[PDB]
Amino acid sequence: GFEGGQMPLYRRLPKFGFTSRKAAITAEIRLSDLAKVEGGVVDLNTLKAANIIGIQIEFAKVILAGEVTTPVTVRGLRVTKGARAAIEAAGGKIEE
Amino acid sequence: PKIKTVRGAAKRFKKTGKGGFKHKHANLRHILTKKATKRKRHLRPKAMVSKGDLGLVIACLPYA
Amino acid sequence: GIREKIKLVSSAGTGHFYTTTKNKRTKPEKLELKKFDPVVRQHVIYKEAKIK
Amino acid sequence: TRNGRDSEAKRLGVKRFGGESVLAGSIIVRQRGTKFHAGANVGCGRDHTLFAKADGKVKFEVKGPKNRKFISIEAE
RNA sequence: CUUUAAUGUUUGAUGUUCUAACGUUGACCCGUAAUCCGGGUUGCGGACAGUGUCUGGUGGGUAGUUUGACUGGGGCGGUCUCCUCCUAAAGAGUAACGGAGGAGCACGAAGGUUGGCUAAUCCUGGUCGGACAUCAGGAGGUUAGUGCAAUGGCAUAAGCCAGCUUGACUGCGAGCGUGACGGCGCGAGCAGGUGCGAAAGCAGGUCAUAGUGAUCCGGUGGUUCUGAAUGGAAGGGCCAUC
RNA sequence: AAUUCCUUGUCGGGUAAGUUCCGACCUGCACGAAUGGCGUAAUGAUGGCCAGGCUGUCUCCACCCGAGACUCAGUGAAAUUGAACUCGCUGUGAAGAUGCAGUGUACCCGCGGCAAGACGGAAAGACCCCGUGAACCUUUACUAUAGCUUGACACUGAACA
RNA sequence: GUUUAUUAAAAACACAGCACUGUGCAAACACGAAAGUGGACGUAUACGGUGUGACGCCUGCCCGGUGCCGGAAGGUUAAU
RNA sequence: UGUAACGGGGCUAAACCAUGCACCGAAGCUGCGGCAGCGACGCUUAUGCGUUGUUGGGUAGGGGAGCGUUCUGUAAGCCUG
RNA sequence: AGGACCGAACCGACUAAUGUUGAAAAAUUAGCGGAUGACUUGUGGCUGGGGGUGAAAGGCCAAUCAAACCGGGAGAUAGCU
RNA sequence: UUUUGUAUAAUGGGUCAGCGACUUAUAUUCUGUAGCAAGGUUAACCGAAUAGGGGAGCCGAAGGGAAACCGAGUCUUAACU
RNA sequence: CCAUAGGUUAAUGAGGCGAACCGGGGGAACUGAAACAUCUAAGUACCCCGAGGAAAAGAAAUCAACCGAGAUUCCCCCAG
């Protein structure tokens, strides 16, 4: 980043933001990973055991990426509108 | 050993989807009453790093 | 540069304020104008106050 | 001596010439005074810049009783 | 409450007296065969001196360093950012310690709108009045004026006068101009609300171009955005600003 | 003037002729009274000038005595060195030519000499500039610090006014 | 007399003399984180520092600036 | 320093002007033979082979393909009194 | 009697010449200054590097001194050659 | 070699032989090649052991926002043609 | 005065050396920041003390987050 004695670009521009501690422990889940776990019921413990989110994760969302084909029960996870539509279209059930 | 990131650069840039970098505009930290409100408004949204100085930010941030 | 800068605080109770300059030697009386307050989305009276 | 100062060039002049197809909002000429006057479909900005208000081809013409140069945007 | 004191007590300052801490490079005794040292008797000083921590002053005695660049070689002189003309070769741009001048502000109206008006200079006549004040008529046609330097504009006036007012609004912006970049500049139109006008419309500062300072750190106001077990808070973010 | 730039200031002495010297003058660029002023016998491998004697210092060099230089026999270096079949002149050209162009001169090779050239040899110029180079030194440059000094607390106690 | 051993012996340094200043003894000062030691087994007719340099005639005016000495009533001011 | 201001010898043209026809003159262009790069085109591609244009001065530098040297496997093989 | 006079040993180095790949990393020859004093010399000791010592030149501290020498940080750094 | 430019009278080399300068470790990006492919790959370690086990982790298939949060959308804004 | 200080015997142990590792007592600068003082180099170089075949540390007045883990030491991730 040195440009001669002239004030470098990474010092001419101002700093912004802050690092969120919640984002380091919040993950997102593709629709394709739902079939990979066993038992048909997804939550934090089963996803960690199946190595999908991470041991330190405390919150997780299911996203409309890929597609699910088998009935699956989502429990205690936030779900997007498109993901919810696909899950219910595939005979699923979402609870809190 | 691993390359050390330039922490000043890390507090100012973030990689986007296609590989570019976003940054905050300059001239908005202090003396503002003499600047036209149109200029301040245009300086509020974040911008993308230019092609000329893209190499320096990629060099300064080896770990995205 | 005798003209010093001030702020116009809204009368709507919101903390919003505009900013400008004035010549305090030849215009000692306070400034009052009607400006748009984007919090209440109405044009309210703004009164001059100390820049601090 | 006392003659070393000068100012940066302002890059004025005609930016789009006659018979050039332009998009709306594009600058045609950057001037100091009103050397060219705004005609049909051309507006005059804060610093007397003449800009196109609609897509079309630039047209230069001399009109008026004072022989003033007008810029208009021909329909296209 | 204006106007002050008593009994006792809460602790500071100054001064005097005392010995018991402490000092003794005063005298004597012992270890001892010893002008070091230690113990004892005594004399003088005495809560001072002296020493530790914290703190103000003085401190080239000592230590680490700084003391710019351009420059028809260096130093001295002059200059360093921004605006206008020429140099600049009829698009843009273009250098020299080239030729000439300015800016580091001003304005709550000197901004917006509606309505109205036309100067400079000279001639003739007229009380104080004069080459030059104000009045009337004529010639003249912008040689005048623009808050300020110069250039380009300006009569539909951008110049001058009056009424009403805050568009010197908030979030945005199709599309361009100029920059290596940071950035700087022009912009119709969309949404909310506002001013003038009967209305078509105009208004996102001033006829335009100088009137300026990136980032870090810190200050003020607003906003649960964030808040290290939890609920707050501190701190941080964002918006406005110093 | 150990000090006066203008300056060899002006006058007088010395010399035929004296930018130095000696003695005055004062128009002291910019002397001056213990960072001492002005004299001062004696003293000085101290600075300047003049005179007598003396002289190859000079006019102007000449001869002689030895030690080298020269030749013979014996031992036997060094700095330097891209390679050389290594001339003069005028011009050209990284602008001062043994080496290029034109021309002149010159059979091959030693020895004793001289030192004009090979921008000769010796020392990565000391003068000058440049490096956000170094070292010392100075100070009312910046920031510290040993030391000196000031106060609070501690070792440090008892009565009285 | 001394001095730049190895380009400078001098008008430079030193000198006896003069003057100012500090220092009352466990002296100032100096070398020492300190103990101690020199000064000195000396005591203001002494010792250290500074300037001047035998002797003769002298050393005149200025405390505004910067130091140093004396004073502490007032202004300002640290730790506590 | 030496002619030294046509390069020299020398020239009354062997100088200058105008017209015309020859010739010399370079690593330019053409002829013949050879090597290599990049594009068209076709083969039945050994994935590079006929023709066909055209290119090939080169520093800093970028790209591509190689020669040769010591050691390890192939290698108790092969060459050598 | 004397930091008195002339002048050897002894101490020093004022002028000139030679020598400058020297006999010598400072000397030789002819002159010169002090030569009973602040003289000179032999033996042993003490003062250590930001330190010593200096009749003071930034002189000297083992042919080296505006901060000795030896080892280490150390292949310091060098936008320069 | 350095230069705008050197036969240069600018630098370096007397000559020969030997030695002498883009390497090594760990991370990151790009190109070629090989394996597998919405998956790829293991590090310390166990193990008689370049096998096999080990998926602790990392990169990728989702991004927008400073963030809570939302999500093939997100941010600005009371709301965007 | 008792006593204490001191003195004389006897027994046991220590002293010095050694290449690296360890714990502790002190502790730079060249360098980087394109100068330099905060900062870096770095608790590195170096000096000193002590011990062992290892040393140091060590059995929570430790983390975690309302679920739990269970002394110290070292390796790979977390993670530049």
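Residues numbered from 1 in each chain as written, not as in the entry; some residues may be left out. Chains lettered and ligands numbered in written order. Part of a larger assembly, values for the part shown. Heavy atoms only, no water.

Listed as the method for this PDB entry is cryo-EM; the listed resolution is 2.8 Å.

**Student:** How would you sum up the layout of surface pockets? Please name residues and give values.
**Tutor:** Here the largest pocket defines a volume of roughly 410 Å³. In terms of lining, the largest pocket is formed by 14 residues, of which the most central are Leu32, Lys35, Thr37 and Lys40 of chain B together with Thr19 of chain C. If you list the elements that add at least two residues to the lining of the largest pocket, you get α2 (37-42) of chain B together with β2 (17-22) of chain C. In this structure, the second largest pocket occupies an estimated 240 Å³ of space. Of the residues contributing to the lining of the second largest pocket, the split by class is three nonpolar, two polar and four charged. (1 Å grid on protein atoms, 1.4 Å probe; cavity = no way out; pocket = protein on both sides within 12 Å on 5 of 7 lines; lining within 4 Å. Points joined across faces, edges and corners; volume = space filled by probe spheres on them. Helix = DSSP H or I, 4+ residues; strand = E, 2+ residues; numbered from the N terminus. Nonpolar A, V, L, I, M, F, W, Y, C, P; charged D, E, K, R; others polar.)

**Student:** Give me the protein's contact with RNA strand J: which residues, what numbers.
**Tutor:** Inspection of the region around RNA strand J gives 30 residues, with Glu28, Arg30 and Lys61 of chain A together with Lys22 and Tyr63 of chain B positioned closest. At 2.6 Å from a phosphate oxygen of RNA strand J is found a side-chain nitrogen or oxygen belonging to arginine 30 of chain A. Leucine 64 of chain A places a polar main-chain atom, nitrogen or oxygen, 3.2 Å from a base nitrogen of RNA strand J. When grouped by side-chain class, the residues that make up the surface near RNA strand J number twelve nonpolar, seven polar and eleven charged. (Near = heavy atom within 4 Å. Polar contact = N/O pair within 3.5 Å; in protein donor to acceptor, adjacent residues only side chain to side chain.)

**Student:** Run through the pairing of strand β8 (residues 68-75) of chain D, naming residues and quoting values.
**Tutor:** Residues and elements named next belong to chain D. Direction of pairing for strand β4 (residues 36-38) relative to β8: parallel, over a ladder of three bridges. Paired with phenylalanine 36 across the bridge in β8 is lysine 69. Bridge analysis of strand β7 (residues 56-63) against β8 gives eight bridges, and the strand direction is antiparallel. Bridge pairing links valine 58 to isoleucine 73 in β8. Counting the residues in the hairpin turn of β7 and β8 gives four residues, including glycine 64, whose phi is positive at 80 degrees. (Pairing = 2+ DSSP bridges.)

**Student:** Go over unusual backbone geometry, please, and point to the residues and values.
**Tutor:** Residue and element names in this part refer to chain D. Look at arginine 11: it is not a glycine, yet its phi comes out positive at around 60 degrees. When you line up the elements, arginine 11 lands in the segment before β1 (13-14). Even without being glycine, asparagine 41 reaches a positive phi, approximately 65 degrees. Among the structural elements, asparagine 41 can be located in the loop between β4 and β5 (42-44).

**Student:** Outline the interface of chain B and chain A, listing residues and values.
**Tutor:** At the junction of the two partners, chain B supplies 17 residues and chain A supplies ten residues. Here chain B meets chain A over a buried area of about 1300 Å², counting both sides, of which 71% is carbon and sulfur. Sorting the residues of chain B by area buried against chain A places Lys11, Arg12 and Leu56 of chain B first, and these three jointly supply 38% of that buried surface. Linking chain B with chain A are zero salt bridges, by the criterion used here. (Contact = heavy atoms within 4.5 Å. Buried area = accessible area lost by both parts, 1.4 Å probe. Salt bridge = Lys/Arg side-chain N within 4 Å of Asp/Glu carboxyl O.)

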